[PDB]
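Here's the structure, in structure tokens; my notes come after.
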Amino acid sequence: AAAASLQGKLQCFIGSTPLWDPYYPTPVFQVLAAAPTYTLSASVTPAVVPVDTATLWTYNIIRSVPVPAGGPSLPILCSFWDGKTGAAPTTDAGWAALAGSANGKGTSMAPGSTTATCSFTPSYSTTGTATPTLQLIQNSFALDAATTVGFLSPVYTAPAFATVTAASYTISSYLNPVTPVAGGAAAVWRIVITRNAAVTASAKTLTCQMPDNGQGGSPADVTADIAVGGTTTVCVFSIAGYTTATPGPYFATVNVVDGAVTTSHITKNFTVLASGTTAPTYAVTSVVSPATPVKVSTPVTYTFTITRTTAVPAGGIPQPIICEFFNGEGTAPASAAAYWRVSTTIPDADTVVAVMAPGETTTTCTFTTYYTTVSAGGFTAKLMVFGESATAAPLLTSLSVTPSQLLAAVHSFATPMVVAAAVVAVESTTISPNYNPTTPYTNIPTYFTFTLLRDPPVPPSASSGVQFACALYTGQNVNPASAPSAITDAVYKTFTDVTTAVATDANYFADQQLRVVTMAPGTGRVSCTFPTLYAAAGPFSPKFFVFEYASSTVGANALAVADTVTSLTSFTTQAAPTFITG
Ligand SMILES: *[C@@H]1O[C@H](CO)[C@@H](O[C@@H]2O[C@H](CO)[C@@H](O)[C@H](O)[C@H]2NC(C)=O)[C@H](O)[C@H]1NC(C)=O
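If you read the sequence shown in full-length UniProt numbering, its first letter stands for residue 583, the second for the next number, and so on.
Right, here's the structure in full:
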């Protein structure tokens, strides 16, 4: 019989006891006099998509008979074939197997509804038309790929093909040196080729040729490679033999081919200097702010002015500038070429991209650095300059092309930067609880919070925060059972570590304690809380010490003077009150 709402009854027994009493009702299921039909519509975005780019396919599914109101939402498994890669599965088992991966989506028809949506984002790899095929399965918790039957027969084919167009190429170029000298150093044309979409199958081999270098010559054809997932490649043309017989301005044509696709480009302008003339030479001047000396973590700004002997031609190609700056702290780069450090992104704290504009002589590279260690000898920061574009800079190492060494030797700052240690002081020593801000009660746990402020705050974006070991000797000679041998730095340094001590163990209330506190980056001060318990009332002289901390080892005194003691005001503990707030 055909009915609208129907309920089953499942009753199961372990041994003799039933899991549910009197039974477990099952969700409402509708009985249909005929097989429901599944109408379907498809939409594309964009209708025309470049190769190796995502395209949104949207399928709207409409069911002839609405899902029962009281029953559960109907699970639907959209197995979709983009129509361009491989072949569509021939059996429903193939669709079920394919739907496990990203090519198969899972939606749910809500109860009392007649519509559902399935969206996919395929990325085609070949040019031409693509017509997808989609099939619907049921996503029951126990879906057998073999015996399952899709509700859709025959497999729906979207009557709206997507047009996958071929890839495009944007071609830029620059020259090193920007004004080649005839018969001298060989000129190098660096050609940056950018693809409108990243390659996915494998590395692609662009073929770059230069029919004319402005002088009428034709250098040997070059092949450049673009790696998987990359959108940029560099083609290097080493031309030697430029001549000044033709009038000053010149321009070169370069065509780059990828199979059928051909893209032509013309370099803007450039001038070849007369043979025998002295090649233009670059120099660097350096300024610092503030002046020597500076403290640790103080923002130090270096400004380097790069000056060319002669101005760049007004109509020619502007010269890219890559400034790699080493602040002087740590291991210096091995040589000038070693300064081509691998940078994740171009505008980092060590690499700066500038442009010497045509008709201009000087440019400026600005760096901001923080000095961590202390060196009274002074740090001599250095700078190295290359001529490379920002786009081609990251991938020059991958393509095994030597960056253009734009300087004869590394520029070293004239005056070494003498760096002194930061100044840290104990701002306040609060007691909780306390009869007055100077003395605590007796026979109750009292906590001393010491606040330490560093005059130059730990800079944001620092690798790690600073660490301070704070040592305290309250007195009363109970838990250590003896006074410290001497007030010297070493004796208090040798104190036990209780940074992770809890109230259970006997070290929680120790007359001699040593704790570790980390000043986080972007903070100026830290606090250390020490628990104490004054069993007996009497005069007391708590002693406090601060030390630097590194690699879980206690360093020298943090107060910049050997054997510096922060002596709390002497006090006599008085009786505690018994009133309870509430
Ligand atoms: C880049 O060089 C080209 C080639 O010389 C310049 O185009 C022509 O240059 C000749 C040089 O004798 C002039 O007589 C023509 O008048 C130029 N043509 C045009 C349309 O201006 C071109 O001017 C140079 N580019 C710049 C920006 O100066």
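A virtual CB, placed ideally from N, CA and C, is assigned to each residue, including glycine.
Buried/exposed call for residue i, threshold 16 Cβ in 10 Å
{"i": "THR891", "result": "exposed"}
{"i": "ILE658", "result": "buried"}
{"i": "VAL774", "result": "buried"}
{"i": "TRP602", "result": "exposed"}
{"i": "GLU906", "result": "buried"}
{"i": "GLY665", "result": "buried"}
{"i": "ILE719", "result": "buried"}
{"i": "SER1046", "result": "exposed"}
{"i": "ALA769", "result": "buried"}
{"i": "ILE1069", "result": "exposed"}
{"i": "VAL816", "result": "buried"}
{"i": "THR782", "result": "exposed"}
{"i": "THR863", "result": "exposed"}
{"i": "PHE702", "result": "buried"}
{"i": "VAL810", "result": "exposed"}
{"i": "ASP1037", "result": "exposed"}
Same chain only: Cβ atoms within 6 Å of residue i, ignoring 5 sequence neighbours per side
{"i": "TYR738", "result": "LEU622 and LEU716"}
{"i": "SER871", "result": "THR883"}
{"i": "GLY798", "result": "none"}
{"i": "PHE1127", "result": "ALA1053 and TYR1074"}
{"i": "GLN1095", "result": "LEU1054, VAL1080 and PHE1112"}
{"i": "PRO671", "result": "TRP677 and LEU680"}
{"i": "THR849", "result": "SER755, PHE833 and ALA834"}
{"i": "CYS594", "result": "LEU601"}
{"i": "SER646", "result": "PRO618 and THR619"}
{"i": "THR789", "result": "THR805 and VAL839"}
{"i": "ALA675", "result": "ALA727 and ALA728"}
Any non-hydrogen atom of ligand 1 closer than 8 Å to residue i Cβ
{"i": "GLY897", "result": "yes"}
{"i": "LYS877", "result": "no"}
{"i": "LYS850", "result": "yes"}
{"i": "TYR832", "result": "yes"}
{"i": "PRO829", "result": "yes"}
Backbone secondary structure at residue i - three-state DSSP
{"i": "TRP663", "result": "strand"}
{"i": "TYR605", "result": "coil"}
{"i": "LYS850", "result": "coil"}
{"i": "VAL1005", "result": "coil"}
{"i": "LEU680", "result": "helix"}
{"i": "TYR1074", "result": "helix"}
{"i": "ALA842", "result": "coil"}
{"i": "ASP794", "result": "strand"}
{"i": "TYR1029", "result": "strand"}
{"i": "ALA827", "result": "coil"}
{"i": "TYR921", "result": "helix"}
{"i": "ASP930", "result": "coil"}
{"i": "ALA675", "result": "helix"}
{"i": "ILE1069", "result": "coil"}
{"i": "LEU1141", "result": "coil"}
{"i": "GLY652", "result": "coil"}
{"i": "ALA769", "result": "strand"}
{"i": "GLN1058", "result": "coil"}
{"i": "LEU588", "result": "coil"}
{"i": "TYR751", "result": "strand"}
{"i": "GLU906", "result": "strand"}
{"i": "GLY960", "result": "strand"}
{"i": "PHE1050", "result": "strand"}
{"i": "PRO1113", "result": "strand"}
{"i": "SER820", "result": "strand"}
Neighbourhood of residue i by C-beta distance below 8 Å, restricted to the same chain and skipping five residues each side
{"i": "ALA584", "result": "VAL613, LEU614 and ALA615"}
{"i": "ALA1002", "result": "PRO875, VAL876, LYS877, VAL878, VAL956 and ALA958"}
{"i": "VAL937", "result": "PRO900, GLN901, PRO902, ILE903 and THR945"}
{"i": "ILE1026", "result": "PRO1015, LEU1115 and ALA1158"}
{"i": "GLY653", "result": "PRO609, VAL610, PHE611, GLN612 and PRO693"}
Contacts around residue i, its chain only, beta-carbon distance under 7 Å, and the 5 residues preceding and following it disregarded
{"i": "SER1152", "result": "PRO1121, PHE1122 and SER1123"}
{"i": "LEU1150", "result": "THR1011, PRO1124 and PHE1126"}
{"i": "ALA1144", "result": "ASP1071"}
{"i": "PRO607", "result": "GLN589 and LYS591"}
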